[PDB]
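What follows is a short report on a single structure.
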Amino acid sequence: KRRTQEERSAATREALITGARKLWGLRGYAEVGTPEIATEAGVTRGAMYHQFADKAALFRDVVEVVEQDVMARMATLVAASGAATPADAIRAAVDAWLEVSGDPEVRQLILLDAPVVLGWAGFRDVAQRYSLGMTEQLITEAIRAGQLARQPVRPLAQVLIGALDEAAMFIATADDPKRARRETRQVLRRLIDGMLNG
Amino acid sequence: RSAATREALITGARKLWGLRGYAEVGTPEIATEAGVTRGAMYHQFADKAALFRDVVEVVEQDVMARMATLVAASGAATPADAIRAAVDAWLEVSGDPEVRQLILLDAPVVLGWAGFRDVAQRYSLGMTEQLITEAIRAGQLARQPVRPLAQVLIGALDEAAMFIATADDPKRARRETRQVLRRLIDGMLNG
Ligand SMILES: CCCNC(=O)Nc1cccc(C)n1
Ligand SMILES: CCCNC(=O)Nc1cccc(C)n1
């Protein structure tokens, strides 16, 4: 039955993404091959290849589910902060990015593996796809509330995403990441407090 | 002799890749531009990417010299004004269609992530840290962790160049980007 195989193939796709996220999150992309991931998912190499043409193609789908969870957790952390003004929402969002990007799995897959496997253009495209809307919305609300000078929203959003992604990559490869994270949080908080009217 | 061959090849490659991009010019065309045989070129450079590595170093050296000249010519009177002029200088130099082609489009792809990040950090981190350190010395910027602030500003400036380079409307993207970076610097100096 075609339907049976198609349901099992959809299940196989989920099992492979779950399996690869777990093993690559622990050991890194370079240290785990597709045969080990197929065994972990409990599926044949033939079923795996039917879903993902090669190792990089499975890695792209892992990045998507991780980035989905990163954005959901940033939104959850911002809501949990109880920020009462757009300026406080921005302060909470900056703190939320340093907390989420400090998760060892996000560090390994997004900050260390993804720039290498996706390349610069591919990494930029993913970061923008997931974060540009949230960032533009925070900026737009701050401007509407009179807490931020009216200025071009998309360019400010892109530049701030670049600053924050470079901050997280610096923390990811620091000799002392705990110190790097605390010092980065201080310079970002000073910069935001210099820019915001509130 | 070695150095002379290498100089001719780097000059030739920078000229032709600057014009047409890395993908559109092969090594045999560069060897002819330099006036050396393919044999002499392969003696000096393992492959196309290895020649490109050396071309990126001399292009990054030219970028730095052009930014330092533009900053000196600006008549910046204080470290804070030097920062503002350095940001304007980066937008001008990275808007050169040749710098766009070699550094913003070709280098990330040819060198890969790790290689490209190592080069861009080696050229950008030291000038940035020095600009911050002088502003703090002059009382124009709060004393705070210098390297972390330098990495944040380099992220902002790298993204600014990439956003302008790939924009539907680069002239508009450049005007708008210059305004948001001027507001960001005035915010940093106010923090
Ligand atoms: C593979 C691309 C990873 N970059 C990414 O997720 N960027 C990001 C997301 C939310 C918030 C911020 C500041 N940055
Ligand atoms: C994507 C741009 C990479 N930056 C680079 O390659 N060099 C550089 C030089 C001076 C200043 C800056 C910001 N960068």
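Just the heavy atoms: all of them, side chains too, but no hydrogens, waters or symmetry mates, feed the values below. Order of listing sets the numbers, starting from 1, for every ligand and every atom in it. Each chain gets a letter, A, B and so on, in the order its sequence line appears, and its residues count up from 1.
Close contacts between ligand 1 and A:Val126 involve ligand atoms 1 (C), 2 (C) [criterion: under 4.0 Å to a heavy atom]. The B:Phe116 neighbourhood of ligand 2 comprises atoms 1 (C), 3 (C), with distances under 4.0 Å to a heavy atom of that residue. Against a heavy-atom cut-off of under 4.0 Å, B:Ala120 is close to the following atoms of ligand 2: 3 (C), 4 (N), 5 (C), 6 (O). Using a 4.0 Å cut-off to heavy atoms of A:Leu164, the atoms of ligand 1 that qualify are 13 (C). Residue B:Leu104 has at least one heavy-atom neighbour below 4.0 Å for each of these atoms of ligand 2: 1 (C), 2 (C). Annotation for ligand 1: atoms under 4.0 Å from non-hydrogen atoms of A:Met74 are 10 (C), 11 (C).
Looking at A:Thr135 against ligand 1, nothing comes within 4.0 Å, counting heavy atoms.
In terms of protein heavy-atom proximity, atom 1 (C) of ligand 2 is nearest to A:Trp120 CH2, 3.1 Å. Among protein heavy atoms, atom 13 (C) of ligand 2 sits closest to B:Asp158 OD1, 3.6 Å. Protein heavy atom in closest approach to atom 10 (C) of ligand 2: B:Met64 SD, 3.6 Å. Shortest contact from atom 12 (C) of ligand 2 to any protein heavy atom: B:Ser124 CB, 3.5 Å.
Contact annotation: B:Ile103 has at least one heavy atom less than 4.0 Å from an atom of ligand 2. Residue contacts with ligand 2 include B:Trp90, since one of its heavy atoms falls under 4.0 Å from the ligand.
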Under the criterion side-chain hydrogen bond (donor to acceptor under 3.5 Å, both in side chains), I'd like the reasoning laid out for B:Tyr123 against B:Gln61: C-alpha separation, chi angles, the key distance, then a yes or no. CA-CA 8 Å; B:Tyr123 281 90; B:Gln61 274 155 215; 3.2 Å; yes

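Below 30°, between 30° and 60°, or above 60°: for A:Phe123 and B:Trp113 the angle between ring planes is between 30° and 60°, a tilted geometry.
Here's the thing with B:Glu60: one of its N/O atoms is less than 3.5 angstrom from an N/O atom of ligand 2.
No donor-acceptor contact under 3.5 angstrom links the side chains of B:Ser94 and B:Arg100, judged on distance only.
Within 6.0 Å of CZ on A:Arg27 lie more than 12 heavy atoms contributed by other residues, nucleotides or ligands.
Annotation: side chain of A:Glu183 is not in contact with side chain of B:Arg147 (no heavy-atom distance under 4.5 Å).
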